[PDB]
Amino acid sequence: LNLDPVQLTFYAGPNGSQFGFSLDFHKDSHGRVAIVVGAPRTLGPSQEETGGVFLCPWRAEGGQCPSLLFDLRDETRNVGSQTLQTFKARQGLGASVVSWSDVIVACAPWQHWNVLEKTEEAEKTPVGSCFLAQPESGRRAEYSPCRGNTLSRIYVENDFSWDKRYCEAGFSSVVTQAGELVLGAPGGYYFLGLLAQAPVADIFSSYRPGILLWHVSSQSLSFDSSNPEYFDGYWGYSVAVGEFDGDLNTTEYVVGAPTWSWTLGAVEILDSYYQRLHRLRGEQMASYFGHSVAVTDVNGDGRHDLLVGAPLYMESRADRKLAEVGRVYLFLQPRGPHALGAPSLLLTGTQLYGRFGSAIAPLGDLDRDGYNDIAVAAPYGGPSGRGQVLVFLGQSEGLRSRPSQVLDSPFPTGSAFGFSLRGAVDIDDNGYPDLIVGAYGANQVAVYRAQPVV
């Protein structure tokens, strides 16, 4: 409703770096808000793509940002009559970034890894990896829970069980308020998908450089399965957290699995031991239900509600024809111990191939009426196909079914304006929460400041 679309702020990265592929707000120890931006095709030392991270201080004028520096050198360790290798070429550092406390977590889902033992090998595969930084102190750490030193032949002899070689850890990421990092790994267990969790504090305290294979004893991984419903389901394509079991001492995980059960799609809610509390099934095959999940109480009852994006949902139209436009599903959490039911609201795109629902950002209470609000991206939407971000306001019965405000992309065609979103943080300290929108195809980020209601 009251985002300012006239005076925007633009930050920009190098050409071709995909600056803006991911982003988040970041508060330093003093509460000063900055913006962390991931740029997953930034050039490394060897003039080869590795990805990179930028930490943009807040300025109404925007501009360029300093690097948040990470080690971009391939590593090798000869230990235990084996040879451990990391490969950072085309790893996509910055394909996800998330901030918690005064720490930044930036991940390289396609960092590759191999282990050599005489003539055998584990196989060079994308286990992914996450890099952790405390900018003010300079402290650094890594977390790569899917690395292993098992040789190829063993996986074959055991029929590929507990195969974490293609995890792509960091594909998605989130941190609990208590500071537990949770990583989506859509390729885990031969492309079923897994989740890896561990306290940030324990990640830092157990990390040392050059080890490459080390234990984080407080970590917790989800489980392989024999159920074909999960095969190639990419469990962990997206992740979030929230309170869904009525016990405030537990944190619940939300996991998107957009190809679950032969591309039907699904979203599951779990406890922190990965036991399944609910499952939301997709409505239409290949719609990629679960591509994005968002958690926020929109109807002001203090109970978190769940939003799910299916950006490829095909809407039914005249003469038995279908139109890919994307769809968003609202699930309101019922009072006390009860299942999430049918959706309370369906939001459906209008522009062909717009991918409405590709990203869903909680905004907090944008217009300050007592109900939290959301922003939905259609990165190829709008009458020109350049991208659109649509704002829907919360209300006692859930969400308004029509947008209160629409943001047309200020960038050229192909920018993917809205592919990444983040709201609910007041960057300029004016008492209203603001919205940052990434347009990685244009290598830029746009900041929309919220203003008093007209």
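Residue positions are given as counts along the sequence shown, with the first one as 1.
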Pick between 65 to 73 and 404 to 412: the one whose mean CA B-factor in the entry is higher. 65 to 73
Which wins on mean Cα temperature factor, 246 to 254 or 88 to 96? 246 to 254
By the entry's C-alpha temperature factors, tell me which of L195, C130, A266, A375 sits highest. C130
If you check the C-alpha B-factor for each of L363, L346, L270, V293 in the entry, which is highest? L346
In terms of its chain's C-alpha B-factors, the third that includes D232 is the lowest
By the entry's values, the third containing the CA B factor of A178 is the highest
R320 CA temperature factor, ranked by third within the chain: highest
Where the record places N299 (Cα B-factor, split into thirds across the chain): middle
Sorting the chain's CA B-factors, does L3 end up in the lowest, middle or highest third? middle
